[PDB]
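Asks: Have a look at this one before I ask anything.
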Amino acid sequence: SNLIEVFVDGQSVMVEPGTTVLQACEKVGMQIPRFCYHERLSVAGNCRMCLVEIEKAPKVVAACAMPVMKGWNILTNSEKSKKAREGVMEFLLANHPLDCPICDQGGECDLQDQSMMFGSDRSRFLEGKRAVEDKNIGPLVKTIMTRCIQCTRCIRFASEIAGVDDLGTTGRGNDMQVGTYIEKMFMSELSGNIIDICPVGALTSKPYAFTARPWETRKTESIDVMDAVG
Amino acid sequence: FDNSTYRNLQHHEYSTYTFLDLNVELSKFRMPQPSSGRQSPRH
Amino acid sequence: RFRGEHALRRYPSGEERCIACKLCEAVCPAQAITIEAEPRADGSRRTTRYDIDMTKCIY
Amino acid sequence: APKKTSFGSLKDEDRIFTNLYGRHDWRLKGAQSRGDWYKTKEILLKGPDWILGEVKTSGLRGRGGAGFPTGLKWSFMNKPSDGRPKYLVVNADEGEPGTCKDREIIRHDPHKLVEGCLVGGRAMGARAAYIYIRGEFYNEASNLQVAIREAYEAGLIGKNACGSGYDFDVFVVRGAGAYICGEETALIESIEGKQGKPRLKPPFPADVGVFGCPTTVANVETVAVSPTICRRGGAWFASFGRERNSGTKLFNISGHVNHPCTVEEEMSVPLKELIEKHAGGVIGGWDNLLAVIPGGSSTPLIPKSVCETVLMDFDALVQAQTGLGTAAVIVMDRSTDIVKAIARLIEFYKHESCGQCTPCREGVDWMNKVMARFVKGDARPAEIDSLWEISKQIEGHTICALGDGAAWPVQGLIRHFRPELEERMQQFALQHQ
Amino acid sequence: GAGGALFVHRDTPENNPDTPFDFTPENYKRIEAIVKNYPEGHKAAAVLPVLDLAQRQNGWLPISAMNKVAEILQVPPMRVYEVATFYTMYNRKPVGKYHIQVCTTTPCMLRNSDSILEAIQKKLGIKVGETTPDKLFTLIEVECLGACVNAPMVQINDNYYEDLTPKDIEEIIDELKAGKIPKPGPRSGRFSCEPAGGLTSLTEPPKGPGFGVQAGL
Ligand SMILES: NC(=O)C1=CN([C@@H]2O[C@H](COP(=O)(O)OP(=O)(O)OC[C@H]3O[C@@H](n4cnc5c(N)ncnc54)[C@H](O)[C@@H]3O)[C@@H](O)[C@H]2O)C=CC1
Ligand SMILES: Cc1cc2nc3c(=O)[nH]c(=O)nc-3n(C[C@H](O)[C@H](O)[C@H](O)COP(=O)(O)O)c2cc1C
Ligand code: SF4
Ligand code: SF4
Ligand code: SF4
Ligand code: SF4
Ligand code: FES
Ligand code: FES
Ligand SMILES: [Mg+2]
């Protein structure tokens, strides 16, 4: 066949060429930590949370953007991968605001969950945090940019899925801000999905604000009747 | 043959449009550009 | 340290301290707390309902 | 006798850049008297394989700072055509603090660069060369444009190059103030009209470069010599410096020296000999030396005790734990606040980070704040090891090497001048109770 | 220190979409020549030179100029905003007639650049982020300008003035505000990157063409 053999933690897996390390890892039930990778969006590689160790390689690789080579042995739980994850989460949480009680992403945060599973439990950041002014993109989506981790998922979704090129980044370095640079309404028939794709409370639902927490809700699977798509 | 002089003195009289004027002048020497097949990636 | 009748506190300015995070509701072993919230008229995150059933509470 | 053991004294007949000081006409007529554009038609007619072999046996390594072997890098692009045009991009961003070598080449020997672009593009089969120059070098860019106009007028480049029947164009592109645009992928993205943010590798530019076509990115210094190596032999070039450290190098000596200058010298020259001969020695005598950053701000610094016998090449400086880099020597005597100098370098790196990836974007600002507090002594000795580990987290986890270049000076300062940090901390502690 | 400037746009009578900006016909010829260099099917590669041309024509980059550049090259205005805010050579706010950059990175910091900066400050009476009341000088600090060997140096409107002293920079300033324009280059009798005195290398006349050419070619 065309499949090639790769090893995830010493276990043989057969995968099609061009398959990334993340997909090869998930073919055995291992989910690599991620913040900027979405499987329905183009690869970014900016977050750096997906860094894993390949055996016999001194450098850790971005599992979300690196195709597996023939005979590679991935090491998803070695000391190097764990230290990389802890460092990346330390950097992510360095400037994050202490907003979890007032954040609507409270029990639904990938930042929170992956900090509990892959990060450290302490902080050694002894400086002042950064603060970003809010941007108004319309009634449907509430914006609290301080919480943004600069994943850029929203920009890719707007550019590709929604066909609207209004979202971007201005500035560079620590002071880099996601927005429109002008007072503009991000209007689209699919504009509400940037709330779901955003892993943090930077983009949240405005009608839903403050009304509930995820652990209270009871989930009912149903069908939409507002159009004929179903 | 001398070395007491400085020969790179033409840049003392360059204006703000020197580079673009030179680009315009060189426009008539370049080979035709290759085409992607579309007018833009958004086409 | 004595635990006695419950009370909701304020900030020195007179603003309520509670921000409707619902951590008290999630931790209550007896499920004695019920909370509802919404944005206030000024946009503040404040409760609209905060009940404690003291015949359910284990103090 | 073969197998030389001492290096650092080459006379003018073996210097590639014979107009480094702009003392001869830089115009085509003056450059041709210096041997520029001589037998180009024959070199092109030899073939890409001959030029690639000449570069390979020459032992040349990348002069941008990484020191990658130029032969294999340029032969990576020797693939057959697949429908996409092939391009050459010459890196003239010139962003490293302390470095000034490429500016002199562009402003004083531009025809060397143009001919190097032609020869390298023929070697790689490139259709055209894009020269990405720093946006601040407006006079240098216009001089390069004048040189390109002269080359077009004489039929040296363009349709039917000198006599080879090989079409090749040389464009000049100006950036707008971004040191990150010296990264080859960031430079490529900047040419395509986006933010100067680096791409991930793989793919490499030899597969997906500018406009999504195979591209090779080379330094101006690396590219300019190419013509000379082909002519004078290549095996002549390997006769200079140690093994795997071949050739001639341009050095930028700045800081606390009597006469700062840009000079050309053999690769494996010792640092002390270079400083004493060309720079005129350290201010106040060699005994007044405190620390030196050998290859620009991106490399760790070394104390005076290491500068006594160190060789100015890639491998010897690697053994001294600093690396060669761009061969820009910044000299610091005993009258400088070394912590302040390293903090200023870290602030530079903070103001130049593009912000794309998490480790650089937050960790560099974190180190900047920590070093700002270190300068005043407003910290405690455990923060030294904390900063060391922060730098370690940043290094090797970033997309491009700007995080590496921000972490390395911090590690060098911690490694060599920890007692200075502790003295400052205790002084601030007892001064403020 | 910090950026100081903001990366969001708020409308203003001096800067709004209706603010009049357009390219001169000569500048349209220049834009055509710029666009021609890049491959057909790729025109967004011309945003940098066209935006720089707009800034050169106008003196700064209003929101209308960004929108015009986006319209001409048929790209989303957000991408032009990204380019304009990313690069520090673009002025999204009016500057003085003579915009002064003083390099303060470590190689220039070692050669007493702070003296140059304070001499400029007390000559003009403004700080490092202000413009003179007559709108003729704007003073800022920048990173390494690539003139480190000749440092301490400052760059003015595409010109380099190296090997400076407080007296030299004051002479440059008062010669510039009189209506003249000082000649660029070092002010230490060096006029190049050569060693301060002696010219330790390249003393011999340059060799003739084909002097070291190898055999067989
Ligand atoms: N001259 C200047 O102003 C500055 C120079 N630098 C220097 O840049 C150096 C680091 O730059 P990098 O490009 O990230 O170093 P690198 O080691 O990643 O690669 C350098 C060159 O080798 C090529 N290359 C490397 N591995 C390859 C592979 N497996 N296949 C094909 N090609 C490969 C790359 O395409 C690139 O052109 C630093 O050492 C620094 O000193 C840094 C800042 C400024
Ligand atoms: C942050 C950063 C800045 C850089 N700046 C430059 C530069 O200004 N000039 C340069 O030639 N290379 C620069 N480089 C490295 C380039 O990749 C290098 O020039 C390119 O690989 C050409 O290598 P060569 O000289 O071996 O051909 C930089 C790298 C990084 C990470
Ligand atoms: S986004 Fe997540 S981590 Fe950040 S404040 Fe909200 S709940 Fe906390
Ligand atoms: S707003 Fe959310 S989705 Fe958009 S860049 Fe920030 S964290 Fe990512
Ligand atoms: S909801 Fe409960 S835990 Fe949260 S602020 Fe109010 S009283 Fe405190
Ligand atoms: S290391 Fe810094 S400059 Fe390089 S890609 Fe990451 S954020 Fe950008
Ligand atoms: S998930 Fe791979 S770098 Fe973000
Ligand atoms: S340090 Fe001033 S020009 Fe580079
Ligand atoms: Mg969200």
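Following the order of the structure tokens, first chain is A, next is B, and so on, with residues numbered from 1 inside each chain and ligands from 1 in the order they appear.
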Please, which residues have at least one atom within 6 Å of an atom of ligand 6, using only C-alpha atoms and all ligand atoms, listed as an mmCIF file with C-alpha atoms, in the first residue's frame?

Replies:
```
data_model
loop_
_atom_site.group_PDB
_atom_site.id
_atom_site.type_symbol
_atom_site.label_atom_id
_atom_site.label_comp_id
_atom_site.auth_asym_id
_atom_site.auth_seq_id
_atom_site.Cartn_x
_atom_site.Cartn_y
_atom_site.Cartn_z
ATOM 1 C CA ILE D 180 12.320 40.260 11.842
ATOM 2 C CA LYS D 197 6.111 36.851 10.172
ATOM 3 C CA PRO D 198 8.232 33.725 9.660
ATOM 4 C CA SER D 353 9.616 40.382 18.145
ATOM 5 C CA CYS D 354 6.833 39.880 15.607
ATOM 6 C CA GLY D 355 4.522 38.373 18.237
ATOM 7 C CA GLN D 356 3.328 35.405 16.188
ATOM 8 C CA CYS D 357 4.330 32.607 18.569
ATOM 9 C CA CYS D 360 8.871 34.810 21.950
ATOM 10 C CA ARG D 361 5.837 37.078 22.324
ATOM 11 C CA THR D 398 9.929 29.279 19.040
ATOM 12 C CA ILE D 399 9.115 29.307 15.320
ATOM 13 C CA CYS D 400 12.147 31.288 14.161
ATOM 14 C CA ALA D 401 15.502 31.932 15.843
ATOM 15 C CA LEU D 402 14.690 35.358 17.293
ATOM 16 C CA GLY D 403 13.781 33.669 20.573
#
```

Asks: Could you build a table of the residues in chain D lying no more than 7 Å from ligand 2, giving for each the nearest pair of atoms and their separation in Å rounded to one decimal place, using only C-alpha atoms and all ligand atoms, ordered by chain and ascending residue number, as CSV?

Replies:
```
residue,atom,partner,partner_atom_place_in_ligand_line,distance
D:61,CA,ligand 2,26 (O),6.2
D:62,CA,ligand 2,26 (O),2.8
D:63,CA,ligand 2,25 (O),4.2
D:64,CA,ligand 2,25 (O),3.5
D:65,CA,ligand 2,15 (C),6.3
D:66,CA,ligand 2,26 (O),5.9
D:67,CA,ligand 2,26 (O),5.6
D:68,CA,ligand 2,26 (O),5.1
D:70,CA,ligand 2,26 (O),6.2
D:91,CA,ligand 2,11 (O),4.8
D:92,CA,ligand 2,9 (N),5.8
D:93,CA,ligand 2,8 (O),4.2
D:94,CA,ligand 2,8 (O),3.7
D:95,CA,ligand 2,8 (O),4.0
D:96,CA,ligand 2,8 (O),5.8
D:179,CA,ligand 2,3 (C),6.0
D:180,CA,ligand 2,1 (C),4.8
D:181,CA,ligand 2,3 (C),6.6
D:182,CA,ligand 2,5 (N),3.3
D:183,CA,ligand 2,29 (C),4.1
D:184,CA,ligand 2,17 (O),4.4
D:217,CA,ligand 2,22 (C),5.1
D:218,CA,ligand 2,27 (O),3.2
D:219,CA,ligand 2,25 (O),3.9
D:220,CA,ligand 2,11 (O),6.7
D:222,CA,ligand 2,25 (O),5.5
D:400,CA,ligand 2,31 (C),5.2
D:401,CA,ligand 2,31 (C),3.7
D:402,CA,ligand 2,1 (C),4.0
```

Asks: For ligand 4, list the contacting residues at 7 Å or closer, counting only C-alpha atoms and all ligand atoms, as a list in words.

Replies: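 These are the residues that qualify: residues 145, 148, 149, 150, 151, 152, 153, 154, 155, 178, 194, 197, 198, 199, 200, 202 and 203 of chain A.
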
Asks: With N, CA, C and O atoms retained, could you export that selection as a PDB file, in the first residue's frame?

Replies:
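As written to disk, selection15.pdb reads:
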```pdb
ATOM      1  N   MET A 145     -10.985  41.540  24.856  1.00  0.00           N
ATOM      2  CA  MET A 145      -9.684  41.216  24.275  1.00  0.00           C
ATOM      3  C   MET A 145      -8.510  40.913  25.203  1.00  0.00           C
ATOM      4  O   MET A 145      -7.531  40.309  24.779  1.00  0.00           O
ATOM      5  N   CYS A 148      -7.725  37.306  25.221  1.00  0.00           N
ATOM      6  CA  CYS A 148      -7.215  36.688  24.005  1.00  0.00           C
ATOM      7  C   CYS A 148      -5.786  36.186  24.164  1.00  0.00           C
ATOM      8  O   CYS A 148      -4.924  36.879  24.690  1.00  0.00           O
ATOM      9  N   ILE A 149      -5.549  34.971  23.685  1.00  0.00           N
ATOM     10  CA  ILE A 149      -4.241  34.337  23.744  1.00  0.00           C
ATOM     11  C   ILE A 149      -3.541  34.373  22.396  1.00  0.00           C
ATOM     12  O   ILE A 149      -2.546  33.688  22.195  1.00  0.00           O
ATOM     13  N   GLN A 150      -4.108  35.143  21.473  1.00  0.00           N
ATOM     14  CA  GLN A 150      -3.589  35.329  20.117  1.00  0.00           C
ATOM     15  C   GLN A 150      -3.453  34.061  19.281  1.00  0.00           C
ATOM     16  O   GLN A 150      -2.517  33.919  18.504  1.00  0.00           O
ATOM     17  N   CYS A 151      -4.396  33.143  19.448  1.00  0.00           N
ATOM     18  CA  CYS A 151      -4.439  31.896  18.688  1.00  0.00           C
ATOM     19  C   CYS A 151      -4.674  32.140  17.197  1.00  0.00           C
ATOM     20  O   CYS A 151      -4.206  31.373  16.361  1.00  0.00           O
ATOM     21  N   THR A 152      -5.478  33.166  16.909  1.00  0.00           N
ATOM     22  CA  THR A 152      -5.879  33.627  15.567  1.00  0.00           C
ATOM     23  C   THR A 152      -6.883  32.738  14.838  1.00  0.00           C
ATOM     24  O   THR A 152      -7.024  32.830  13.628  1.00  0.00           O
ATOM     25  N   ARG A 153      -7.593  31.901  15.586  1.00  0.00           N
ATOM     26  CA  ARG A 153      -8.593  31.017  15.010  1.00  0.00           C
ATOM     27  C   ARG A 153      -9.711  31.810  14.361  1.00  0.00           C
ATOM     28  O   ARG A 153     -10.213  31.437  13.308  1.00  0.00           O
ATOM     29  N   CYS A 154     -10.113  32.892  15.014  1.00  0.00           N
ATOM     30  CA  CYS A 154     -11.171  33.765  14.523  1.00  0.00           C
ATOM     31  C   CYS A 154     -10.804  34.376  13.178  1.00  0.00           C
ATOM     32  O   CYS A 154     -11.646  34.463  12.277  1.00  0.00           O
ATOM     33  N   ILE A 155      -9.550  34.797  13.023  1.00  0.00           N
ATOM     34  CA  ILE A 155      -9.107  35.387  11.765  1.00  0.00           C
ATOM     35  C   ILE A 155      -9.193  34.370  10.639  1.00  0.00           C
ATOM     36  O   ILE A 155      -9.683  34.674   9.544  1.00  0.00           O
ATOM     37  N   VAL A 178      -5.751  41.566  18.125  1.00  0.00           N
ATOM     38  CA  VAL A 178      -6.682  41.036  17.137  1.00  0.00           C
ATOM     39  C   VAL A 178      -7.912  41.932  17.089  1.00  0.00           C
ATOM     40  O   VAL A 178      -8.513  42.237  18.124  1.00  0.00           O
ATOM     41  N   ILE A 194     -17.402  32.066  15.659  1.00  0.00           N
ATOM     42  CA  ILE A 194     -16.150  32.518  16.245  1.00  0.00           C
ATOM     43  C   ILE A 194     -16.213  32.477  17.763  1.00  0.00           C
ATOM     44  O   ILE A 194     -15.170  32.410  18.421  1.00  0.00           O
ATOM     45  N   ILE A 197     -15.319  28.646  18.337  1.00  0.00           N
ATOM     46  CA  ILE A 197     -13.934  28.308  18.034  1.00  0.00           C
ATOM     47  C   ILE A 197     -12.947  29.001  18.961  1.00  0.00           C
ATOM     48  O   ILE A 197     -11.848  28.477  19.176  1.00  0.00           O
ATOM     49  N   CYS A 198     -13.291  30.152  19.514  1.00  0.00           N
ATOM     50  CA  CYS A 198     -12.371  30.833  20.412  1.00  0.00           C
ATOM     51  C   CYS A 198     -12.229  30.021  21.691  1.00  0.00           C
ATOM     52  O   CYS A 198     -13.230  29.780  22.374  1.00  0.00           O
ATOM     53  N   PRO A 199     -11.022  29.576  22.048  1.00  0.00           N
ATOM     54  CA  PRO A 199     -10.874  28.711  23.227  1.00  0.00           C
ATOM     55  C   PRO A 199     -11.036  29.437  24.550  1.00  0.00           C
ATOM     56  O   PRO A 199     -11.184  28.776  25.584  1.00  0.00           O
ATOM     57  N   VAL A 200     -11.028  30.765  24.551  1.00  0.00           N
ATOM     58  CA  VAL A 200     -11.040  31.548  25.778  1.00  0.00           C
ATOM     59  C   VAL A 200     -12.272  32.436  25.775  1.00  0.00           C
ATOM     60  O   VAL A 200     -13.097  32.365  24.861  1.00  0.00           O
ATOM     61  N   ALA A 202     -12.380  35.529  25.302  1.00  0.00           N
ATOM     62  CA  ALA A 202     -12.166  36.741  24.519  1.00  0.00           C
ATOM     63  C   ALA A 202     -13.336  37.008  23.582  1.00  0.00           C
ATOM     64  O   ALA A 202     -13.746  38.159  23.410  1.00  0.00           O
ATOM     65  N   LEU A 203     -13.875  35.964  22.961  1.00  0.00           N
ATOM     66  CA  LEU A 203     -15.108  36.045  22.190  1.00  0.00           C
ATOM     67  C   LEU A 203     -16.169  35.223  22.903  1.00  0.00           C
ATOM     68  O   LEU A 203     -15.987  34.019  23.112  1.00  0.00           O
TER      69      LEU A 203
END
```

Asks: I'd like the neighbourhood of residue 13 of chain B as a list in words, where a residue qualifies if any of its atoms comes within 12 Å (using only C-alpha atoms), though same-chain residues fewer than 3 positions away should be ignored.

Replies: residues 8, 9, 10, 16, 17 and 18 of chain B; 139, 142 and 143 of chain D; 158, 159, 181, 182, 183 and 184 of chain E

Asks: Write out, as a PDB file, in the first residue's frame, the residues just selected, with N, CA, C and O atoms.

Replies:
```pdb
ATOM      1  N   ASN B   8      32.055  57.953  -3.787  1.00  0.00           N
ATOM      2  CA  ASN B   8      30.625  57.685  -3.660  1.00  0.00           C
ATOM      3  C   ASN B   8      29.939  58.955  -3.151  1.00  0.00           C
ATOM      4  O   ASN B   8      29.597  59.106  -1.979  1.00  0.00           O
ATOM      5  N   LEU B   9      29.808  59.918  -4.062  1.00  0.00           N
ATOM      6  CA  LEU B   9      29.227  61.216  -3.755  1.00  0.00           C
ATOM      7  C   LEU B   9      27.954  61.498  -4.538  1.00  0.00           C
ATOM      8  O   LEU B   9      27.368  62.572  -4.375  1.00  0.00           O
ATOM      9  N   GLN B  10      27.514  60.564  -5.380  1.00  0.00           N
ATOM     10  CA  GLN B  10      26.306  60.789  -6.163  1.00  0.00           C
ATOM     11  C   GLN B  10      25.059  60.813  -5.288  1.00  0.00           C
ATOM     12  O   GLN B  10      24.045  61.399  -5.678  1.00  0.00           O
ATOM     13  N   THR B  16      13.389  62.355  -3.105  1.00  0.00           N
ATOM     14  CA  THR B  16      12.547  61.337  -2.492  1.00  0.00           C
ATOM     15  C   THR B  16      11.977  60.347  -3.498  1.00  0.00           C
ATOM     16  O   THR B  16      11.492  59.287  -3.092  1.00  0.00           O
ATOM     17  N   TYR B  17      12.025  60.658  -4.792  1.00  0.00           N
ATOM     18  CA  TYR B  17      11.482  59.785  -5.824  1.00  0.00           C
ATOM     19  C   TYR B  17      12.561  59.134  -6.678  1.00  0.00           C
ATOM     20  O   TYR B  17      12.251  58.610  -7.750  1.00  0.00           O
ATOM     21  N   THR B  18      13.817  59.158  -6.230  1.00  0.00           N
ATOM     22  CA  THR B  18      14.907  58.607  -7.029  1.00  0.00           C
ATOM     23  C   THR B  18      14.717  57.114  -7.276  1.00  0.00           C
ATOM     24  O   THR B  18      14.841  56.638  -8.411  1.00  0.00           O
TER      25      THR B  18
ATOM     26  N   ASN D 139      19.699  55.488   0.153  1.00  0.00           N
ATOM     27  CA  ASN D 139      20.782  55.822  -0.762  1.00  0.00           C
ATOM     28  C   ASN D 139      21.465  54.571  -1.300  1.00  0.00           C
ATOM     29  O   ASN D 139      21.823  54.516  -2.482  1.00  0.00           O
ATOM     30  N   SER D 142      19.184  53.099  -3.982  1.00  0.00           N
ATOM     31  CA  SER D 142      19.265  53.853  -5.228  1.00  0.00           C
ATOM     32  C   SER D 142      20.594  53.630  -5.942  1.00  0.00           C
ATOM     33  O   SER D 142      20.631  53.589  -7.176  1.00  0.00           O
ATOM     34  N   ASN D 143      21.690  53.478  -5.194  1.00  0.00           N
ATOM     35  CA  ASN D 143      22.958  53.108  -5.816  1.00  0.00           C
ATOM     36  C   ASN D 143      22.861  51.742  -6.484  1.00  0.00           C
ATOM     37  O   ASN D 143      23.365  51.543  -7.596  1.00  0.00           O
TER      38      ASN D 143
ATOM     39  N   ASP E 158      15.712  59.949   5.219  1.00  0.00           N
ATOM     40  CA  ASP E 158      16.465  59.115   4.283  1.00  0.00           C
ATOM     41  C   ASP E 158      17.919  59.558   4.144  1.00  0.00           C
ATOM     42  O   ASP E 158      18.518  59.401   3.081  1.00  0.00           O
ATOM     43  N   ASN E 159      18.502  60.111   5.203  1.00  0.00           N
ATOM     44  CA  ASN E 159      19.897  60.524   5.177  1.00  0.00           C
ATOM     45  C   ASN E 159      20.574  60.105   6.469  1.00  0.00           C
ATOM     46  O   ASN E 159      19.976  60.181   7.544  1.00  0.00           O
ATOM     47  N   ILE E 181      20.345  72.065   3.457  1.00  0.00           N
ATOM     48  CA  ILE E 181      20.309  70.639   3.767  1.00  0.00           C
ATOM     49  C   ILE E 181      21.739  70.143   3.957  1.00  0.00           C
ATOM     50  O   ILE E 181      22.561  70.225   3.032  1.00  0.00           O
ATOM     51  N   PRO E 182      22.091  69.665   5.147  1.00  0.00           N
ATOM     52  CA  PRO E 182      23.467  69.217   5.385  1.00  0.00           C
ATOM     53  C   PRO E 182      23.803  67.975   4.578  1.00  0.00           C
ATOM     54  O   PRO E 182      22.946  67.139   4.287  1.00  0.00           O
ATOM     55  N   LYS E 183      25.072  67.867   4.217  1.00  0.00           N
ATOM     56  CA  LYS E 183      25.531  66.720   3.448  1.00  0.00           C
ATOM     57  C   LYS E 183      25.584  65.485   4.341  1.00  0.00           C
ATOM     58  O   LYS E 183      26.094  65.559   5.464  1.00  0.00           O
ATOM     59  N   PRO E 184      25.074  64.344   3.887  1.00  0.00           N
ATOM     60  CA  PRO E 184      25.101  63.138   4.724  1.00  0.00           C
ATOM     61  C   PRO E 184      26.501  62.564   4.870  1.00  0.00           C
ATOM     62  O   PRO E 184      27.420  62.952   4.143  1.00  0.00           O
TER      63      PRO E 184
END
```

Asks: Neighbouring residues of residue 94 of chain A were defined as those with any atom within 10 Å, considering only C-alpha atoms; residues of the same chain fewer than 3 positions away were excluded. Please report them as a list in words.

Replies: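 Listed by chain and then number, they are residues 88, 89, 90, 91, 97, 123, 124, 125, 126, 127, 128, 129 and 130 of chain A; 362, 363 and 366 of chain D.
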
Asks: Could you take the residues named above and write them with N, CA and C atoms, as a compact mmCIF listing (two decimals), in the first residue's frame?

Replies:
```txt
# COMPACT_ATOMS: atom_id res chain seq x y z
N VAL A 88 5.16 26.40 27.79
CA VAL A 88 4.22 27.10 26.92
C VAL A 88 3.03 27.60 27.72
N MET A 89 2.50 26.78 28.63
CA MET A 89 1.39 27.26 29.46
C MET A 89 1.83 28.37 30.41
N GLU A 90 3.07 28.32 30.89
CA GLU A 90 3.57 29.41 31.72
C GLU A 90 3.55 30.73 30.96
N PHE A 91 4.03 30.70 29.71
CA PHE A 91 3.98 31.90 28.88
C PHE A 91 2.55 32.33 28.59
N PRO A 97 -5.60 37.54 32.35
CA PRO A 97 -6.23 38.22 33.47
C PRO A 97 -6.90 37.26 34.43
N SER A 123 2.84 29.93 40.02
CA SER A 123 3.29 31.01 39.16
C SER A 123 4.55 31.63 39.75
N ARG A 124 5.50 31.94 38.88
CA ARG A 124 6.70 32.68 39.25
C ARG A 124 6.79 33.98 38.47
N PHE A 125 5.65 34.49 38.01
CA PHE A 125 5.59 35.76 37.29
C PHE A 125 5.36 36.88 38.30
N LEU A 126 6.35 37.75 38.46
CA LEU A 126 6.34 38.76 39.50
C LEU A 126 6.28 40.17 38.93
N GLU A 127 5.62 40.34 37.79
CA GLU A 127 5.55 41.62 37.10
C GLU A 127 4.10 42.09 37.04
N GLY A 128 3.87 43.17 36.30
CA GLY A 128 2.53 43.61 36.00
C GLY A 128 2.03 43.04 34.68
N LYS A 129 0.73 42.83 34.60
CA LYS A 129 0.13 42.24 33.42
C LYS A 129 -0.25 43.32 32.41
N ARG A 130 -0.47 42.90 31.18
CA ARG A 130 -0.90 43.81 30.13
C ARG A 130 -2.42 43.90 30.09
N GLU D 362 5.52 36.37 24.65
CA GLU D 362 5.49 36.73 26.07
C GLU D 362 6.85 36.63 26.77
N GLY D 363 7.62 35.57 26.52
CA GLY D 363 8.85 35.38 27.26
C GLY D 363 9.89 36.46 27.04
N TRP D 366 8.87 39.27 29.15
CA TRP D 366 9.13 38.86 30.52
C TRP D 366 10.60 39.06 30.88
```

Asks: Around ligand 8, at most 7 Å away and counting only C-alpha atoms and all ligand atoms, which residues are there? Put them as a PyMOL selection string, please.

Replies: (chain D and resi 97-98) or (chain E and resi 103-108+143-148+151-153)

Asks: Please provide as a compact mmCIF listing (two decimals) with N, CA and C atoms, in the first residue's frame all residues within 12 Å of residue 28 of chain B, with the sequence filter that same-chain residues fewer than 2 positions apart are discarded (counting only C-alpha atoms).

Replies:
```txt
# COMPACT_ATOMS: atom_id res chain seq x y z
N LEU B 22 13.95 55.40 -10.91
CA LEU B 22 14.83 54.37 -11.46
C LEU B 22 14.05 53.10 -11.78
N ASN B 23 13.10 52.73 -10.93
CA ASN B 23 12.27 51.56 -11.20
C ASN B 23 11.45 51.76 -12.47
N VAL B 24 10.88 52.95 -12.65
CA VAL B 24 10.12 53.25 -13.86
C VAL B 24 11.02 53.15 -15.08
N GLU B 25 12.24 53.69 -14.98
CA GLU B 25 13.17 53.61 -16.11
C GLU B 25 13.53 52.16 -16.43
N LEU B 26 13.73 51.33 -15.41
CA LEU B 26 14.07 49.93 -15.63
C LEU B 26 12.88 49.09 -16.06
N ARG B 30 12.70 44.58 -18.38
CA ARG B 30 12.41 43.31 -17.75
C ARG B 30 11.70 42.36 -18.72
N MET B 31 11.89 41.06 -18.47
CA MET B 31 11.19 40.00 -19.18
C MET B 31 9.73 39.95 -18.74
N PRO B 32 8.84 39.44 -19.59
CA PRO B 32 7.44 39.29 -19.19
C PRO B 32 7.31 38.40 -17.96
N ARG D 149 20.70 49.46 -13.53
CA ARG D 149 20.44 50.15 -14.78
C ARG D 149 21.64 50.08 -15.71
N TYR D 152 21.82 46.52 -17.08
CA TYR D 152 20.82 46.33 -18.13
C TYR D 152 21.24 47.02 -19.42
N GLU D 153 21.79 48.23 -19.31
CA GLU D 153 22.19 48.98 -20.50
C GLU D 153 23.30 48.26 -21.26
N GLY D 158 19.21 40.70 -17.85
CA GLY D 158 17.99 40.87 -18.61
C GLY D 158 17.78 39.77 -19.62
N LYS D 159 17.17 40.10 -20.76
CA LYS D 159 17.06 39.13 -21.84
C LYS D 159 18.44 38.88 -22.44
N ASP D 169 16.45 38.45 -14.49
CA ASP D 169 16.08 39.78 -14.04
C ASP D 169 16.48 39.98 -12.58
N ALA E 33 4.54 50.89 -12.74
CA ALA E 33 5.87 50.30 -12.82
C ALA E 33 6.14 49.37 -11.65
N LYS E 36 4.16 46.04 -12.09
CA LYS E 36 4.71 45.23 -13.18
C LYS E 36 5.82 44.27 -12.75
N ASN E 37 6.60 44.64 -11.74
CA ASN E 37 7.70 43.80 -11.28
C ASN E 37 7.25 42.43 -10.79
```

Asks: Quick one: residues within 9 Å of residue 38 of chain C, only C-alpha atoms, excluding same-chain residues fewer than 5 positions away - as number ranges by chain?

Replies: A: 208-212; C: 20, 43-48

Asks: Could you tell me, counting only C-alpha atoms and all ligand atoms, which protein and nucleic acid residues lie no more than 6 Å from ligand 7, written as an MDAnalysis selection string?

Replies: chainID A and resid 34:37 45:50 62:64

Asks: Check the DSSP output for the backbone and give back, as a VMD selection string, the residues of chain E in strand (DSSP E or B).

Replies: chain E and resid 12 15 40 98 to 103 131 137 to 142 154 to 156 160 to 161
